[PDB]
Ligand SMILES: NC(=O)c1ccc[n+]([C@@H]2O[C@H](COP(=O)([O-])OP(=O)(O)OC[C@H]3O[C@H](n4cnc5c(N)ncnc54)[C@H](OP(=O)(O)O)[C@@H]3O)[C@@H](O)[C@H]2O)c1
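For reference, the chain that follows is the form solved without this ligand, supplied as C-alpha cells.
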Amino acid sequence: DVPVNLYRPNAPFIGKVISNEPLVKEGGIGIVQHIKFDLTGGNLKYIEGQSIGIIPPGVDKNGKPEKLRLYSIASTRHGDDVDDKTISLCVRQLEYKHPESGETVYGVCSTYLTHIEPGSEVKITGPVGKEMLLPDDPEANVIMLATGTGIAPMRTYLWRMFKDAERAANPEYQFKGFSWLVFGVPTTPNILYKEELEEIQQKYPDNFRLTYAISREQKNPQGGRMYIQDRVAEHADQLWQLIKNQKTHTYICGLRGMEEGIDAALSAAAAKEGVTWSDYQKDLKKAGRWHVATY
C-alpha cells in the first residue's frame, strides 16, 4: 500500500518547477529554498516521511553523469495546495570551503535546485523510504527532533495533522494526540516555516508544542551555544515520560551528529527508573517507533 519506486533513475519522471521560494529570512545564514514541482502527466504518488531523488544535469569531475541525490519530501501526500498534483522539497545550498578545494565549494545538486527557475524540467525518482512513516493512529504521540532541513519530514506530519485543508481532505485522520517539535537552527531568520509552525501551536496549544534551539541567540546552562541536544537534555525527563507510552513515536532528521547527545540525555533520564536507554531504544526501533534519517 505504501508507494515506492514508481520512478527509477533509468527512466525518471520529468516534472516542472512551479515555484522556488526562500525560507531563510534577512539576517539568516545560508540559503534554504522551498521548491514545488508539478506531478501532472505522471503517476508519482507518495506519503508523509518519504524522500524523492533529483538527478542534476552535467557530468562530475571524472566526466561521469551525475547521480541522484535524495531529498526528504516536505509536502503531505496531497501537496501544498491539497490538490494531489504537486510535491515540495526543502533544499539547503551546500557550501563549505577548504580541505576539499580552493575556497568556497558549492554542492552540485543543491545549488542546481536552489537556483532553479519556475518552468524548468527536473528529473525526479521515487518515492523512497519506509523508516520515517507516520502512524495511522490519530491518538499517537509524535516527538520530532529536527535540525535545519530535517524539518522537512516534520512539515509533512504537522501539515497533515493540523492544516485546515488537510483535516477536511483526510476524514480518517483527525489528530488528537500530542506532538512536540524541538527544532535547532542558528538564527531566528533560519527558523524554516516559522510563521506556520507558530500558527499551528497557537491554534492547537494542547496538541502541539514548539521548542527552539537557536545557537547564535541562546546559550545552554554551561555557556555554550544552544543546540537541539541541549534542549533535549533540558526536557529529558518529560521526553522520557512520553516515550514510555506504547503509542509514542520519535522522529529524528537532519545532518548527522545530533543523536549522540540526544541518547546521553535520554539515557540519564531512563536510568533514574532503572532502565538502560540503549536497550529500550533497540526495542523501540524493532517496534517501528524510533525513526531516524540523518545525512
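One-based numbering along the sequence shown.
What comes next is about the form solved in complex with this ligand, which does not appear here.
From the list 181 to 189, 194 to 202, 79 to 87, 118 to 126, the contact stretch for this ligand in the bound PDB entry under a 4.5 Å heavy atom rule is 181 to 189. When contacts are defined as a non-hydrogen atom within 4.5 Å, all of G30, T149 and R225 contact this ligand in the bound PDB entry. Contact with this ligand in the bound PDB entry, defined as a heavy atom within 4.5 Å, holds for exactly one of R167, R216, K176, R209, namely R216. Taking the partner from elsewhere, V24 is found to have a heavy atom lying within 4.5 Å of this ligand in the bound PDB entry. Interface membership of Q93, defined by any non-hydrogen atom within 4.5 Å of this ligand in the bound PDB entry, is confirmed. Although the partner is absent from this view, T250 stays clear of this ligand in the bound PDB entry, with no non-hydrogen atom inside 4.5 angstroms.
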